[PDB]
């Protein structure tokens, strides 16, 4: 990242970049990131978390998805998949989700760092959890539904209700979790029978439930079109191409988009 960078990215410079882009105090923002994309950072992930906190403050709210899809029913694993003989073994053995414990997958280093921070709170979903910090942290994360995990009873809906923002740091619309709310609303996806391990009555139980067969693959196309409207702000955090936008704007657009096929 070194060659790609003039002078170090720091907490300070990131805070600059953030405010430049339009972030400020008191804002409600869900954040999606690629650490590497920014360039060389003095402090790495910590520096990004710290800068985000410094801009937003305790008076605002930072959210990130903390997915742990590796806890899911492997019959549904299509990349990569695993031998079918492995399936029951998995169901019988994979350890239970616990918010204060279970690592994320495919979320990134900023997320992993964020998750561990003091006063960060994580929702209680074994597969599709979110973490949050600040004013509306609890409100956003509490009482996530097991079934329809990214639906109307989810952190996505809470953010919507709050007229929050989405920030993409060096990632694409396919990383844009909120658009899953669009899939839900539009009924864009088949319902599937799923499973995951949870703690019930202080013991591990493999829980069967129902959710949408979420597919972000389609989100890239959606975002392009969405961006024709011209309501997405853009700038750089270090080397990172960033986008800032209203969650409601994109979610509404998405829902509509899906309805039209």
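Numbering follows the first chain given and starts at 1.
- Stretches compared: 29-37, 222-230. Higher mean C-alpha B-factor in the entry: 222-230.
- Which of 95, 80, 187, 128 has the largest Cα B-factor in the deposited entry comes down to 80.
- Sort the modelled residues of the chain by CA B factor and residue 216 lands in the highest third.
- Ranked by Cα temperature factor within the chain, residue 118 sits in the highest third according to the deposited record.
- Ranked by C-alpha B-factor against the other modelled residues of its chain, residue 75 falls in the middle third.
- The entry lists a Cα temperature factor for residue 170 that places it in the middle third of the chain's modelled residues.
- When the modelled residues of the chain are ordered by their C-alpha B factor, residue 235 lands in the highest third.
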